[PDB]
Number of protein chains: 4
Amino acid sequence: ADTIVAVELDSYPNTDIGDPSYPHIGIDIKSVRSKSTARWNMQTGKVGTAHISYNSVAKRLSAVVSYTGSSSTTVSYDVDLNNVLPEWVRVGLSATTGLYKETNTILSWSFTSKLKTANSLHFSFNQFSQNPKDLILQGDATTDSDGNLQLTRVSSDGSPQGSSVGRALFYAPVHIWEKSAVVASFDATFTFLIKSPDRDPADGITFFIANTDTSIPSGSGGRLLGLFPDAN
Amino acid sequence: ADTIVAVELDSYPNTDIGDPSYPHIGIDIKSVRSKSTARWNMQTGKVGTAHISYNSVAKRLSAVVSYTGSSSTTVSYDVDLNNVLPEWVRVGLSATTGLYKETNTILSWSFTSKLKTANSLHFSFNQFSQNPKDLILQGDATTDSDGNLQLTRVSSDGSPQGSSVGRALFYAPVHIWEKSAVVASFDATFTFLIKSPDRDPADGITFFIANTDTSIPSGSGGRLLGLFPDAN
Amino acid sequence: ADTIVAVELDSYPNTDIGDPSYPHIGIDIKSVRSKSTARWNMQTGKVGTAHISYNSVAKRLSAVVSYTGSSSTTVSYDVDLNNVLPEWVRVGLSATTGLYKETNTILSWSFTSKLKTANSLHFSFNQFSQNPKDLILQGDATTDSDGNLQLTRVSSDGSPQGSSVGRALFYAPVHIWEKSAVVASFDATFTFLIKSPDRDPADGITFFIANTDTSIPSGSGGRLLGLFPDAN
Amino acid sequence: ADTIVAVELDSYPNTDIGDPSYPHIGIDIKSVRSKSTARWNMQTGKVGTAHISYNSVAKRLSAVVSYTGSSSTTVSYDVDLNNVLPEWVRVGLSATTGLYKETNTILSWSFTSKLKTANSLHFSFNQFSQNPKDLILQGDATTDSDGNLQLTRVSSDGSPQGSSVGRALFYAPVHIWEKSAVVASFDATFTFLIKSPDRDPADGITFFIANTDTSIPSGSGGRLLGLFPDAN
Ligand SMILES: [Ca+2]
Ligand SMILES: [Ca+2]
Ligand SMILES: [Ca+2]
Ligand SMILES: [Ca+2]
Ligand SMILES: [Mn+2]
Ligand SMILES: [Mn+2]
Ligand SMILES: [Mn+2]
Ligand SMILES: [Mn+2]
């Protein structure tokens, strides 16, 4: 199966699969059952920023999510990503809706990888083109006329649909480690719009890094954030 | 056929196809017969730096080549690259040897594309990995144990072979223009090592931008820098 | 006196000092009488973006100004900035109001300088702190509680005042050229808000580069954009 | 007194002031007595690279030092730099020689600061100009004709002198934190040449961040790395 390292903005507490009992952000290391989590004060309808960062000396993966005039949620986990992930990866964004739903809109996505022996890859998407040839679009993910990436299905009045799933990987494989490396790092930012007619929107959004040929595993919908085939 | 925009470091004057009568750098716009050229004082055996730059307001494509303690060669041509190239391109490096030869070694390759409506792609290769999955290697181009990209054939004592050709494109398509754009730019740097047992080394090296599915055209060897099927 | 190279967003046609008879953008080379200009469709009240760029091989200084859903204004002038400016400079933003007025609000300011022999300086101000120790504030320029730089005077209901002038230079001197250089470039972006209760707002805004100890020259108010002591 | 956060490449074990009994790298938090250290296999005469990095979510300051074909030394310390340093700082490089000596040559210095509410400052010095107006040179630090910064005294045959001290701060104050910040980070790289006719060279080199008006404290020579007035 795929190897997944992901940072989840889980809008729906699925307490049956070990989620805390509130909307949380979390760090997922080969399982949907976050290695660590923090409580997230979700402001649905408001534009949120997420930042993710990691270097291989500190070996502490950390994320932060905020909105204008809101306090932030931060989470960190100590892990060495070379003991988890292959040397070549594809990075991407995943989202799902389930029986309950939301718009999983991405307004901007930026990413930096650095590998010293300095090699680097950077990309910055501030408006997603109508045909983004440097993206791999998986499942229901599309771009739209406002230059937004819609990870999960919406209808043409911008109403979100349920039981949906989608992802966007950067086209190019990213080299995040090698034998002779001295130090690797990456950073990642996306802005996002989560809108929902539901009291409790679902299911969330992730930034994620994976084996290069990653794909939406069978059965990974709703709570599994198009990421895992099961909640082990 | 492919659409080529290229910056040539032509080590061999092929005066039969309109090259000036000396080693030159040149700007090629859909033909090997440079739109403009300048004389290049080649120092074979020495590490050279080339820089290429362009923005769509100035609409002046310009390049500069130097070595330590050498004077530089600069060349520029006025052209609008949106009237020449498609909106999505692949960027790359090409080189050939012919009846006469050289090592076409690339020690570093870096590239920045910017598209304002800001979108950007950056990459920086300072040591080319043994299996560069973010490169498309075409013809005889390979990487080697020093972390160099060898565009054209060498033997294991580093001796160059003749009648050779190779290219390296960045894996990801680059978005260099769109309908609604305000301004696009790109920059490009490579360092290179040209070594030759011959009095007059051949044939040269280019940085080049092309239609996304570009490939070494039939018959493009030696003087045609793996770029064009003919010298029209 | 100071040596000024500036890019003007001149909201007020001062036809008595050679301005075209409409709102224009222009490139100023040691004089307020732009070396070249283009017509600018000003949308007062709307957030505008300006981009400026230059490299010393092309030797073409160019600028572009746009707003969302507006067409852009572009201008370029061929000049070698090493034959004009010293090797060490301070870069900054200037604005004035005169008998007629506007808010000269800067929402973001970013700048990149590159000097190859690669040396570089970058800065990016997206919200201007309440006490910006890396800025030199000249004349009436201040920052405000929204994290905006107000180049020219406003009152606390955001109403602009007339006969005003201000500038913001980056604290650090920027090295834009040297003897042994192969190639220098710079880029600059600011976003701005021009609001006015007047039919014809005045006087404008500039990005500018100058001798390191530059200061608001005596008499440089209104139409002289806090830049020149006279309109020669 | 100054507030110092520093990363030391301590070439001389001063076991009388709590240094481990070998050449070490270390993280100094308001004292020369490193909060944490690691053993450093010094290769005097060889060009070394040091990298330093930090973000305020992970709150783990970490450094790595290597040379070509050498294994690396890495060190990390958990600390929140907002509970230690002011909001505005100057960053710099310090070095000393003592009764024993070395050349403290810096071939390149690069630095990135990022502050999200994104503000950023970057600089990259690959050859230090003969008169670096964007540097504050303190004590014996000068630049030289090879475009190297010599932190500590050398004579004109490149022989190092003893009992010396010098520093180089970036001219501009750096904004590394504020009240409303979501996340701050910085990164820093320098390359260095330590040469010595002595069996046991002294005293070392640091990258350091400090109150904005920092200066070489009285008595801070040799083992105190021009950083602290005493070894408390
Ligand atoms: Ca969940
Ligand atoms: Ca030729
Ligand atoms: Ca005017
Ligand atoms: Ca010591
Ligand atoms: Mn969860
Ligand atoms: Mn030619
Ligand atoms: Mn004018
Ligand atoms: Mn020590």
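Residues numbered from 1 in each chain as written, not as in the entry; some residues may be left out. Chains lettered and ligands numbered in written order. Heavy atoms only, no water. Residues with missing side-chain atoms left out of burial classes, pairs and counts.

Judging from the entry metadata, X-ray crystallography is the method by which this structure was determined, and 2.46 Å is the reported resolution.

Trainee: Would you mind going over the UniProt feature "binding site: Ca(2+)" in chain A with me for this structure?
Mentor: All names here are of chain A. The feature "binding site: Ca(2+)", as given by UniProt, occupies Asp10, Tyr12, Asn14, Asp19 and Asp203 in the numbering adopted here. Note that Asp10 resides in strand 1 (residues 4-10). Residue classification places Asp10 among the buried positions, given a relative accessible area of 2%. Here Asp10 is in contact with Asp19, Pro23, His24, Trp40, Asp203 and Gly204, once residues within four sequence places are set aside. A polar atom in the side chain of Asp10 sits 3.2 Å from the backbone nitrogen of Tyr12. Of note, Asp19 is situated in the loop between strand 1 and strand 2 (24-29). Not counting residues up to four positions away in its chain, the partners in contact with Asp19 are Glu8, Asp10, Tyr12, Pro13, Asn14 and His24. (UniProt positions renumbered as here; feature names shortened; annotations may be inferred. Helix = DSSP H or I, 4+ residues; strand = E, 2+ residues; numbered from the N terminus. Buried < 20%, exposed > 50% of the residue type's maximum accessible area, 1.4 Å probe, protein only. Contact = heavy atoms within 4.5 Å. Polar contact = N/O pair within 3.5 Å; in protein donor to acceptor, adjacent residues only side chain to side chain.)

Trainee: Would you explain the relation of the copies chain D and chain A in this entry?
Mentor: Superposing the two chain copies requires a rotation about an axis and a translation along that axis. Its rotation angle being 180 degrees, the transformation that places chain D on chain A also includes 0.0 Å of axial translation and leaves an RMSD of 0.0 Å. What the superposition gives is, in effect, a two-fold axis relating one chain to the other. Comparing contact sets, 100% of the residues at the interface of chain D also lie at the interface in chain A, consistent with an isologous, same-surface contact. (Least-squares fit on C-alpha atoms.)

Trainee: What is the right way to read the coordination of the manganese ion (ligand 6) from this model?
Mentor: In an ideal tetrahedron of four donors about a metal, each angle is 109.5 degrees. In an ideal octahedron of six donors, the angles are 90 or 180 degrees. Residue and element names in this part refer to chain B. For the manganese ion (ligand 6), the full set of protein donor atoms is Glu8 (OE), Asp10 (OD), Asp19 (OD) and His24 (NE2), and the range of their distances to it is 2.1 to 2.3 Å. Mapped onto the polypeptide sequence, the residues donating to the manganese ion (ligand 6) form the spacing pattern E-x1-D-x8-D-x4-H. In this structure the calcium ion (ligand 2) is found 4.2 Å away from the manganese ion (ligand 6), and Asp10 serves as a bridging donor for the pair. (Donors = N, O, S within 2.8 Å, 3.2 Å for Na, K, Ca; no water.)

Trainee: Looking at this model, I keep getting lost on the coordination of the calcium ion (ligand 2). Mind explaining?
Mentor: Residues and elements named next belong to chain B. Donor atoms from the polypeptide that bind the calcium ion (ligand 2) are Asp10 (OD), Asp10 (OD), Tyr12 (O), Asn14 (OD1) and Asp19 (OD), placed at 2.4 to 2.6 Å. Counting the intervening residues between successive donors of the calcium ion (ligand 2) yields the motif D-x1-Y-x1-N-x4-D. Overall, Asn14 belongs to the buried group, its relative accessible area being 5%.

Trainee: Quick question: what am I supposed to make of the interface of chain D and chain A here?
Mentor: In this complex, chain D contributes 19 residues to the contact, which on the side of chain A involves 19 residues. For the pairing of chain D and chain A, the buried interface totals around 1,400 Å² over both sides, and the portion due to carbon and sulfur atoms is 56%. Of all residues in chain D, D:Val57, D:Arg60 and D:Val182 bury the most surface against chain A, accounting for 37% of the area lost on that side. One can count two salt bridges joining chain D with chain A. There are six residue pairs in polar contact connecting chain D and chain A. Counting residues per element, the ones that place at least two in the side of chain D that touches chain A are strand 4 (47-55), strand 5 (60-67), strand 6 (73-78) and strand 15 (183-193) of chain D. For the side of chain D that touches chain A, the per-class residue count stands at seven nonpolar, eight polar and four charged. (Buried area = accessible area lost by both parts, 1.4 Å probe. Salt bridge = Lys/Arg side-chain N within 4 Å of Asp/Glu carboxyl O. Nonpolar A, V, L, I, M, F, W, Y, C, P; charged D, E, K, R; others polar.)

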